[PDB]
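Written below as structure tokens is the structure these notes are about.
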Ligand SMILES: O=C(O)CNC(=O)C(=O)O
Ligand SMILES: [Mn+2]
């Protein structure tokens with residue numbers, strides 16, 4: 001597909017990355033597309049990297065993230081060559097311990113981006129992404145449908161607290177070429 005879904009202005013995501021190292025955007029994509037992505041997530045659960053030509057919903061997600069790639073390059077000069085992503089479905093009780101996405105070891109992943117897909121999430125459900133920001137500040141993100149979180153991979157440690165219900169997301173990374181051919 002060649003359709004490009006509606007999304008809020010990317011300039012704000014880029015300014016946030018520059019100023020704070022991270023950005024969060026509610027309703028990043030229209031609700032019908034987010035639901036279609038939730039559906040594809042469940043379909044795949046029943047690593048499958050996502051590429052154009054696999055499903056309509058995914059094609060539209062990639063088109064938007066490609067726009068975000070070009071916007072990031074423009075504003076922050078990162079030389080990002082591509083975006084890789086895949087679905088993730090955490091069973092109730094699953095958690096992800098504190099970690100950094102990019103090690104100090106040349107890792108090509110420069111910027112992380114997670115799109116959440118869960119309708120009707122409540123705080124009793126847990127499952128927040130917890131981000132460890134500068135100055136010892138912590139920030140929880142509830143994995144609410146349509147919510148996009150973007151951050152610098154080498155900079156923001158983060159974890160996922162266990163949820164009481166299936167937790168759906170689309171997780172990815174913008175990458176540089178890197179020094180190894
Ligand atoms: O799903 C989330 O919110 C967090 N995901 C990750 O930290 C990851 O896949 O590396
Ligand atoms: Mn991570």
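No lab work stands behind these numbers, since they all come straight from the coordinates. Methodologically, a virtual Cβ is constructed for each residue, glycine included, from the backbone with ideal geometry; neighbour enumeration extends over all protein chains shown.
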Expected unfolding gain across residue 107-residue 166 under the 0.36 nm per residue rule, minus the alpha-carbon gap, is 18.2 nm
Extension gain, residue 177 back to residue 70 (0.36 nm per residue minus Cα-Cα distance, nm): 37.0 nm
Kindly put 171, 19 in sequence by how many other C-beta atoms sit within 10 Å of each C-beta, fewest to most. 19, 171
Neighbour-count ranking [beta-carbon atoms within 10 angstrom, fewest first] of 175, 42: 42, 175
How would you rank 72-78, 1-7, highest first, on the average number of other Cβ atoms within 10 Å across their residues? 72-78, 1-7
One finds the C-alpha centres of segment 120-181 and segment 1-70 to be spaced, in Å, by 15 Å
Restricting the count to DSSP beta bridges whose residues both fall in the chain, what percent are antiparallel, rounded to a multiple of 5? 95 percent
Suppose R0 equals 35 Å; then what is the FRET efficiency for residue 11 and residue 89 from their Cβ-Cβ distance, rounded to the nearest 0.05? 0.65
Shape of the chain from its Cα gyration tensor (a ≥ b ≥ c, root eigenvalues): rounded if a/c is under 1.5, otherwise prolate when a/b > b/c, or oblate? rounded
